[PDB]
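To keep things clear, I will list the structure first and then write my remarks on it.
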Amino acid sequence: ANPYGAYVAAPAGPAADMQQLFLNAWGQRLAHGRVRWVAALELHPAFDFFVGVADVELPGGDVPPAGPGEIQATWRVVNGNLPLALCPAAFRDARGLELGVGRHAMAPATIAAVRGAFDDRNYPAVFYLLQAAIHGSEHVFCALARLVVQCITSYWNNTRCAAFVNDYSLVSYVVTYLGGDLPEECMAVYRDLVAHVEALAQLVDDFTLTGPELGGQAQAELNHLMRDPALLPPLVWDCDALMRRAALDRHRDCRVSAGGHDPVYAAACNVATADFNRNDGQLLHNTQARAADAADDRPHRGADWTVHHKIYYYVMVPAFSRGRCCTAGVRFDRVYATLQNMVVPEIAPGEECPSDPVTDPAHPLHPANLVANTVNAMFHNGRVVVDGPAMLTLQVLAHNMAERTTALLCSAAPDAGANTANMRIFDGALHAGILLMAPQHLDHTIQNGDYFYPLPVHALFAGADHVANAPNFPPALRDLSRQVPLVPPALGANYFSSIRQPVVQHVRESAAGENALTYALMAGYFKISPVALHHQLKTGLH
């Protein structure tokens with residue numbers, strides 16, 4: 001048999017290496033046997049029965065100790081996990097559809113805008129490096145605020161498309177703060193986006209009952225996955241979701257492995273502090289508004305924040321990307337470098353700052369100044385228009401920066417499952433990572449592994465194109481990958497994800513408008529425990 005979806009490895013140091021260490025040990029295991037989930041033992045709905053692994057303590061291990069393949073079973077958590085056989089896609093779609101009527105609904109515009117962003121193969125690379133530099137930091141988003149307003153307007157005017165939709169934190173800000181700074185029709189989009197994620201959040205409370213607090217965890221946490229503090233979103237800039245998580249009753253038994261080390265926090269990082277090559281499992285927790293509010297212990301953002309993120313990444317993203325997209329770790333040195341390597345000609349004494357880059361030869365984006373391998377070059381390729389001062393704000397990065405993108409493997413035993421009565425749930429996630437939206441041109445900087453390296457934390461985000469066209473991709477597996485999510489066993493396995501293939505499969509083939517497909521998923525994300533059903537039933541979910 002093929003244990004791919006069955007096995008779960010433990011963090012193998014160098015995040016930017018992980019994914020490779022993988023395709024070099026499972027190259028055979030994969031091309032050989034066949035994979036089930038990616039498409040006999042359907043003994044029960046509330047569970048998943050598969051050809052286990054035998055004697056191995058799942059949490060660790062580099063490769064499956066080939067041998068007596070026993071048969072294990074895992075608890076499908078959300079109802080969304082019931083195979084598409086037992087639960088037709090066409091149905092779940094219809095479910096969300098009727099579920100939609102009477103609730104929020106992203107306007108035609110906002111959809112075409114955001115989708116477009118995601119489907120744009122020429123999406124200005126600069127934006128990623130910028131996003132990388134603006135690592136979830138609100139403080140920094142505020143600095144480069146001028147710069148940003150430019151990119152967004154720039155891009156928007158070129159093609160009505162939301163500038164940074166691939167990152168909630170930014171999208172969050174762009175709503176919080178560049179009020180009358182972006183064109184009307186355009187700010188609209190960014191708002192609408194959050195306005196939706198706001199409704200999807202309300203949906204949970206709409207089908208949860210207002211009562212006691214079971215197991216030190218509010219009802220909604222037992223009745224729904226997104227609202228469940230046990231699952232941290234795929235991508236985490238700070239350490240909020242990670243703090244609150246470790247702050248759960250023993251009867252969960254949470255285990256988080258940071259790149260392979262007990263995760264130690266960090267309140268900040270300079271240019272003196274920053275160690276791009278650090279392998280010790282220390283996570284930056286610096287994303288505050290004021291540098292004064294500096295913390296190492298307490299969390300910064302708040303309870304809801306992290307939620308909306310999960311809502312965005314697990315619903316909104318799939319909703320728009322339909323799977324064509326993938327999470328990746330960043331090479332901050334490579335970035336920070338070419339980033340703070342610009343060319344701003346001296347402002348002509350007596351003259352005013354260059355406004356137009358097609359004429360004034362003193363404009364950093366005038367062809368005359370476009371030096372190869374310089375951030376000036378990039379802005380040009382992206383058909384982006386940013387003036388000199390804006391470009392200079394990048395001086396901030398030296399003050400507030402993020403060093404390494406860490407691979408996170410967390411886990412725990414089920415909640416309202418004690419009457420269920422071993423196998424624990426596994427979930428991956430990236431600390432300093434970003435979501436590569438559309439797949440940029442094969443031999444270019446984004447794909448060339450220049451600044452960013454592909455590293456899927458979950459089946460939901462693992463576009464073949466990103467991983468297949470990667471730097472050292474075994475040409476043998478090219479075929480396989482063209483139809484099988486390659487999430488590193490170090491980051492989790494299908495039969496253990498709080499959300500398995502059915503869901504993925506759903507998105508991939510679903511054929512509903514985003515609004516519909518949105519609510520659809522948000523629904524599928526409800527729990528399955530008796531209590532869940534209790535609530536879901538009372539409120540009238542089904």
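A note on labels: chains of the structure tokens are A, B, ... as shown, every chain counts residues from 1, and ligands are counted from 1 in their shown order.
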Counting only C-alpha atoms, which residues of stretch 436-486 of chain A sit at most 12 Å from some atom of stretch 39-45 of chain A, and what is each one's closest atom pair with its distance in Å to one decimal, listed by chain and rising residue number, as a Markdown table?
```
| residue | atom | partner | partner_atom | distance |
| --- | --- | --- | --- | --- |
| A:483 | CA | A:39 | CA | 9.0 |
| A:484 | CA | A:39 | CA | 9.0 |
| A:485 | CA | A:39 | CA | 11.2 |
```
Query - All strand (DSSP E) residues (DSSP, backbone) inside stretch 360-505 of chain A, as a list in words - result: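 Filtering stretch 360-505 of chain A to strand (DSSP E) leaves residues 407, 408, 409, 410, 411, 412, 425, 426, 427, 428, 429, 430, 433, 434, 435, 436, 452, 453 and 454 of chain A.
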Export of the given selection (N, CA, C and O atoms) as a PDB file, in the first residue's frame:
```pdb
ATOM      1  N   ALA A 407       8.565  26.514   9.619  1.00  0.00           N
ATOM      2  CA  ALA A 407       7.559  25.470   9.357  1.00  0.00           C
ATOM      3  C   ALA A 407       6.936  25.051  10.691  1.00  0.00           C
ATOM      4  O   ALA A 407       7.641  24.669  11.632  1.00  0.00           O
ATOM      5  N   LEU A 408       5.614  25.116  10.772  1.00  0.00           N
ATOM      6  CA  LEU A 408       4.926  24.781  12.011  1.00  0.00           C
ATOM      7  C   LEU A 408       4.018  23.549  11.929  1.00  0.00           C
ATOM      8  O   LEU A 408       3.115  23.479  11.082  1.00  0.00           O
ATOM      9  N   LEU A 409       4.263  22.581  12.810  1.00  0.00           N
ATOM     10  CA  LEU A 409       3.445  21.366  12.872  1.00  0.00           C
ATOM     11  C   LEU A 409       2.815  21.293  14.258  1.00  0.00           C
ATOM     12  O   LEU A 409       3.504  21.030  15.247  1.00  0.00           O
ATOM     13  N   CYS A 410       1.514  21.539  14.339  1.00  0.00           N
ATOM     14  CA  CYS A 410       0.833  21.486  15.629  1.00  0.00           C
ATOM     15  C   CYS A 410      -0.139  20.296  15.677  1.00  0.00           C
ATOM     16  O   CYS A 410      -0.347  19.625  14.659  1.00  0.00           O
ATOM     17  N   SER A 411      -0.719  20.017  16.847  1.00  0.00           N
ATOM     18  CA  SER A 411      -1.645  18.887  16.963  1.00  0.00           C
ATOM     19  C   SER A 411      -2.363  18.757  18.298  1.00  0.00           C
ATOM     20  O   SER A 411      -2.055  19.463  19.255  1.00  0.00           O
ATOM     21  N   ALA A 412      -3.291  17.802  18.356  1.00  0.00           N
ATOM     22  CA  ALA A 412      -4.072  17.533  19.562  1.00  0.00           C
ATOM     23  C   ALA A 412      -5.167  16.477  19.351  1.00  0.00           C
ATOM     24  O   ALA A 412      -5.510  16.115  18.212  1.00  0.00           O
ATOM     25  N   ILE A 425      -5.170  14.699  15.802  1.00  0.00           N
ATOM     26  CA  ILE A 425      -5.291  15.527  14.614  1.00  0.00           C
ATOM     27  C   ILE A 425      -4.024  16.328  14.337  1.00  0.00           C
ATOM     28  O   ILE A 425      -3.456  16.934  15.245  1.00  0.00           O
ATOM     29  N   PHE A 426      -3.577  16.322  13.087  1.00  0.00           N
ATOM     30  CA  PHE A 426      -2.386  17.077  12.725  1.00  0.00           C
ATOM     31  C   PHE A 426      -2.677  18.172  11.727  1.00  0.00           C
ATOM     32  O   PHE A 426      -3.429  17.978  10.765  1.00  0.00           O
ATOM     33  N   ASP A 427      -2.049  19.319  11.956  1.00  0.00           N
ATOM     34  CA  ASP A 427      -2.222  20.475  11.095  1.00  0.00           C
ATOM     35  C   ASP A 427      -0.910  21.241  10.926  1.00  0.00           C
ATOM     36  O   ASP A 427      -0.159  21.445  11.886  1.00  0.00           O
ATOM     37  N   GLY A 428      -0.639  21.646   9.688  1.00  0.00           N
ATOM     38  CA  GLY A 428       0.568  22.396   9.401  1.00  0.00           C
ATOM     39  C   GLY A 428       0.291  23.892   9.347  1.00  0.00           C
ATOM     40  O   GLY A 428      -0.855  24.335   9.505  1.00  0.00           O
ATOM     41  N   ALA A 429       1.343  24.673   9.127  1.00  0.00           N
ATOM     42  CA  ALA A 429       1.231  26.123   9.040  1.00  0.00           C
ATOM     43  C   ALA A 429       2.623  26.744   8.929  1.00  0.00           C
ATOM     44  O   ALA A 429       3.611  26.166   9.385  1.00  0.00           O
ATOM     45  N   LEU A 430       2.696  27.915   8.304  1.00  0.00           N
ATOM     46  CA  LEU A 430       3.957  28.622   8.148  1.00  0.00           C
ATOM     47  C   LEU A 430       3.952  29.919   8.934  1.00  0.00           C
ATOM     48  O   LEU A 430       2.954  30.665   8.933  1.00  0.00           O
ATOM     49  N   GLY A 433       5.378  33.227   6.193  1.00  0.00           N
ATOM     50  CA  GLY A 433       5.218  32.715   4.841  1.00  0.00           C
ATOM     51  C   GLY A 433       4.171  33.505   4.084  1.00  0.00           C
ATOM     52  O   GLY A 433       3.428  34.287   4.695  1.00  0.00           O
ATOM     53  N   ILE A 434       4.103  33.345   2.766  1.00  0.00           N
ATOM     54  CA  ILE A 434       3.079  34.071   2.022  1.00  0.00           C
ATOM     55  C   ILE A 434       2.417  33.180   0.981  1.00  0.00           C
ATOM     56  O   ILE A 434       2.978  32.154   0.567  1.00  0.00           O
ATOM     57  N   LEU A 435       1.230  33.571   0.541  1.00  0.00           N
ATOM     58  CA  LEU A 435       0.523  32.753  -0.432  1.00  0.00           C
ATOM     59  C   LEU A 435       0.718  33.143  -1.902  1.00  0.00           C
ATOM     60  O   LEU A 435       0.175  34.153  -2.353  1.00  0.00           O
ATOM     61  N   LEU A 436       1.475  32.336  -2.649  1.00  0.00           N
ATOM     62  CA  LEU A 436       1.715  32.598  -4.088  1.00  0.00           C
ATOM     63  C   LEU A 436       0.426  32.251  -4.868  1.00  0.00           C
ATOM     64  O   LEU A 436       0.105  31.112  -5.164  1.00  0.00           O
ATOM     65  N   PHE A 452      11.375  33.560  -3.131  1.00  0.00           N
ATOM     66  CA  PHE A 452      10.415  32.676  -2.482  1.00  0.00           C
ATOM     67  C   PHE A 452      10.535  31.214  -2.867  1.00  0.00           C
ATOM     68  O   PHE A 452      10.785  30.887  -4.025  1.00  0.00           O
ATOM     69  N   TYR A 453      10.334  30.330  -1.896  1.00  0.00           N
ATOM     70  CA  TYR A 453      10.404  28.898  -2.170  1.00  0.00           C
ATOM     71  C   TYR A 453       9.096  28.186  -1.796  1.00  0.00           C
ATOM     72  O   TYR A 453       8.586  28.352  -0.676  1.00  0.00           O
ATOM     73  N   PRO A 454       8.526  27.402  -2.744  1.00  0.00           N
ATOM     74  CA  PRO A 454       7.279  26.641  -2.576  1.00  0.00           C
ATOM     75  C   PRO A 454       7.380  25.696  -1.397  1.00  0.00           C
ATOM     76  O   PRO A 454       8.400  25.013  -1.229  1.00  0.00           O
TER      77      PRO A 454
END
```
Query - Contacts of residue A:422 at 10 Å (only C-alpha atoms; same-chain gap of 2+ positions) as a PyMOL selection string - result: chain A and resi 73-74+412-414+420+424-425
Report task. One decimal, Å: what's the distance from atom CA of residue A:350 over to atom CA of residue A:363, could you say? Result ->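 Answer for the atom CA of residue A:350 to atom CA of residue A:363 separation: 15.3 Å.
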Query - Which of A:194, A:517, A:145, A:170 sits closest to residue A:96 [using only C-alpha atoms] - result: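 The answer is A:517, which sits nearest to residue A:96.
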Query raised in the report: So which residues touch residue A:47 within 10 Å, counting only C-alpha atoms, skipping near sequence neighbours fewer than 6 positions away, as a list in words?
Result: residues 73, 74, 75, 76, 77, 81, 82 and 495 of chain A
I'd like the contact shell of residue A:446 - 10 Å cut-off, only C-alpha atoms, skipping same-chain residues fewer than 5 positions apart - returned as a CSV table (one decimal) with C-alpha atoms, in the first residue's frame.
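Just written: out23.csv:
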```
chain,number,residue,atom,x,y,z
A,125,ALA,CA,6.2,40.6,-8.3
A,126,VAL,CA,7.3,43.7,-6.3
A,128,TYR,CA,5.2,40.0,-2.8
A,129,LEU,CA,8.6,41.3,-1.8
A,436,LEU,CA,1.7,32.6,-4.1
A,439,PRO,CA,1.6,30.9,-10.9
A,440,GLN,CA,4.2,33.4,-12.3
A,441,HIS,CA,6.1,32.7,-15.5
A,451,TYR,CA,13.2,35.1,-3.3
A,452,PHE,CA,10.4,32.7,-2.5
A,453,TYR,CA,10.4,28.9,-2.2
A,454,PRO,CA,7.3,26.6,-2.6
A,466,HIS,CA,4.2,26.3,-8.2
A,470,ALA,CA,10.1,24.6,-8.8
```
Long-range neighbours of stretch 312-326 of chain A as an mmCIF file with C-alpha atoms, in the first residue's frame, 7 Å cut-off, only C-alpha atoms, 4 positions minimum in chain:
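Ended up saving to part.cif:
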```
data_model
loop_
_atom_site.group_PDB
_atom_site.id
_atom_site.type_symbol
_atom_site.label_atom_id
_atom_site.label_comp_id
_atom_site.auth_asym_id
_atom_site.auth_seq_id
_atom_site.Cartn_x
_atom_site.Cartn_y
_atom_site.Cartn_z
ATOM 1 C CA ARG A 115 -10.471 37.105 -8.700
ATOM 2 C CA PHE A 118 -5.580 35.885 -8.217
ATOM 3 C CA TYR A 168 -5.388 39.422 5.144
ATOM 4 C CA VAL A 197 -15.353 37.829 6.043
ATOM 5 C CA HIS A 308 -11.022 36.193 10.382
ATOM 6 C CA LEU A 435 0.523 32.753 -0.432
ATOM 7 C CA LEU A 436 1.715 32.598 -4.088
ATOM 8 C CA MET A 437 -1.636 33.377 -5.855
ATOM 9 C CA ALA A 438 -1.423 32.816 -9.610
ATOM 10 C CA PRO A 439 1.636 30.892 -10.895
ATOM 11 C CA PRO A 456 2.574 23.743 0.821
ATOM 12 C CA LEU A 460 -5.821 23.351 -0.069
ATOM 13 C CA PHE A 461 -2.777 25.379 -1.123
ATOM 14 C CA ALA A 462 -0.388 23.417 -3.334
ATOM 15 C CA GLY A 463 -0.887 24.334 -6.989
ATOM 16 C CA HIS A 466 4.200 26.253 -8.244
ATOM 17 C CA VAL A 507 -13.453 23.570 -4.390
ATOM 18 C CA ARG A 508 -11.489 22.223 -7.342
ATOM 19 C CA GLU A 514 -17.864 32.983 -5.029
ATOM 20 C CA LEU A 517 -19.226 28.767 -2.776
ATOM 21 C CA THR A 518 -18.188 30.901 0.174
ATOM 22 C CA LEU A 521 -17.493 26.060 2.630
ATOM 23 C CA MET A 522 -18.092 28.061 5.812
#
```
Query raised in the report: Which is closest to residue A:259 among A:283, A:243, A:480, A:21, if we use only C-alpha atoms?
Result: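 Closest residue, counting only C-alpha atoms: A:283.
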**Report entry** Nearest residue to residue A:285 from the set A:198, A:360, A:240, A:304 (distances using only C-alpha atoms)
**Finding:** A:240
Report task. Find the residues around residue A:431 up to 6 Å (only C-alpha atoms counted), leave out those fewer than 5 positions away in its own chain, and share them as a ChimeraX atom specification. Result -> /A:235-237,405-406
Query raised in the report: Using the chain letters and numbers from this document, which residues of stretch 119-217 of chain A does DSSP assign to helix (DSSP H, G or I), as a PyMOL selection string?
Result: chain A and resi 119+126-133+138-143+145-158+168-176+179-181+184-206+214-216
